[PDB]
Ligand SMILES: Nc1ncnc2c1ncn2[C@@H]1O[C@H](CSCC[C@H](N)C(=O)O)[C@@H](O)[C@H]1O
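Given as structure tokens, the chain that follows is alone and in the form deposited without this ligand.
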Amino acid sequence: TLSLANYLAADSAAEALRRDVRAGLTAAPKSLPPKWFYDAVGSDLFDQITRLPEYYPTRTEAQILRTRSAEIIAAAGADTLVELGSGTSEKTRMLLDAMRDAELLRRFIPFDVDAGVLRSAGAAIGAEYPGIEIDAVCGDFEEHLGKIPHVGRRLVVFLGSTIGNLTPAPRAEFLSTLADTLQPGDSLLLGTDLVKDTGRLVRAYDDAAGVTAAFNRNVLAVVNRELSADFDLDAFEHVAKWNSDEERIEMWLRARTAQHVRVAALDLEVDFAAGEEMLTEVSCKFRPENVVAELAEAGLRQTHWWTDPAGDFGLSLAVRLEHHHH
């Protein structure tokens, strides 16, 4: 059967956006949070990015998961699959199939901000896996991870490389809170994109076809639409950079010429100097030894680590850290 629990108010997304745009556009170094990339148009654009020859991470993680699903499912011994976030719905069915092959599959708990997607995905999954209990939760990572039911033995998965879109401090915060929801017996599956040739990294975030550029610019269309702003999308250049000290990709929008922007819903007048850059996304890249340390600091012990043949990407399986005090 299907059960949906919807914790987001009608104006949750609207109020969150007003705050983020006002905070981002009036900071001395302008920025916009990457989460606003993903309206209908942006999610479609991102979907296309996953099939771009330069953008390897989605396909590499998918290929690792394809190969390791049975082993992940054996390792976890879990009967309940909890999926955190979007865009991983084909990867979801790899894990669900593996759990069904193992005769363990009982419960599926998707957690995402879009209730409509959950209702659709829940009806579909429910049909493809007769007898499964689907407890869908519509909420956000900030506030609602606690709302995920602790029924059964749970494999909690967070795929799609979203973890790297958080800088070290909010990332440490997120992982720790995630770890806190795990009961003994539960496992966390986590994908991390690895440090590699910087040419490859930059091209992945600035493809030859210019799709990533459109995806970046689209966040301006979102602000235009939702807050009645007058960004001139054609006035902003897409810039992807390798930050070697932070070992992360950065995406920027750079004003070709001086721009004056009014966000009418906010009664906010904003100025861009010619060449001024606005930060729209970071994509942190990891070293294998650093993934274990970060997991440890969050209260997790890595029990498995899998990579693709090129060492481009790693999947971790982790469990609650052991403590023996004296």
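Throughout, rigid core stands for the largest set of C-alpha atoms superposing within 1.5 Å between the two forms. A residue's number is simply how far along the shown sequence it sits, counting from 1.
Although not depicted, the form solved in complex with this ligand is the subject of the following passage.
Enquirer: Taking the partner as it appears in the bound PDB entry, which of 121 to 129, 160 to 168, 70 to 78, 102 to 110 has residues with heavy atoms within 4.5 Å of this ligand?
Expert: Contact criterion met by 160 to 168 only.
Enquirer: Which pick from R301, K35, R287, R262 sits with a heavy atom within 4.5 Å of this ligand in the bound PDB entry?
Expert: It is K35.
Enquirer: Under a 4.5 angstroms heavy atom criterion, identify the one residue in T192, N218, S86, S187 near this ligand in the bound PDB entry.
Expert: It is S86 that has a heavy atom within 4.5 Å of the partner.
Enquirer: Taking heavy atoms and a 4.5 Å cut-off, does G152 contact this ligand in the bound PDB entry?
Expert: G152 lies outside the contact set for this ligand.
Enquirer: Residue-level contact is defined here as any heavy atom of the residue lying within 4.5 Å of this ligand in the bound PDB entry; does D140 satisfy this criterion?
Expert: Yes, contact at 4.5 Å.
Enquirer: Is it the case that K91, even though its partner is missing from this view, gets within 4.5 Å of this ligand in the bound PDB entry, heavy atoms only?
Expert: Contact check for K91: yes, within 4.5 Å of this ligand in the bound PDB entry.
Enquirer: Just checking whether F272 would be counted as a contact of this ligand in the bound PDB entry - the rule being heavy atoms within 4.5 angstroms.
Expert: Judged by the heavy-atom cut-off of 4.5 Å, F272 is well away from this ligand in the bound PDB entry.
Enquirer: Can you spot, among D197, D234, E128, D180, the one with a CA shift of 2 Å or more between the shown form and the other one after core superposition?
Expert: C-alpha shift of at least 2 Å: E128.
Enquirer: So that I can tell if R119 moves, could you say whether its C-alpha shifts by at least 2 Å between the shown form and the other one after the core superposition?
Expert: Shift of 2 Å or more: yes.
Enquirer: Superposing on the rigid core, is the Cα displacement of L17 between the shown form and the other one 2 Å or more?
Expert: Result for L17: yes, a 2 Å-plus shift.
Enquirer: Superposed on the rigid core, does the Cα of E247 end up 2 angstroms or more away between the shown form and the other one?
Expert: No.
Enquirer: Explain in one word, closer or farther, how the Cα atoms of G42 and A13 are placed in the bound PDB entry relative to this form, where the distance changes by 3 Å or more.
Expert: Result: farther.
Enquirer: Looking in the bound PDB entry, decide if the C-alpha atoms of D39 and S120 are closer or farther than in the form shown; they differ by 3 Å or more.
Expert: Residues converge in the bound PDB entry, at least 3 Å closer.
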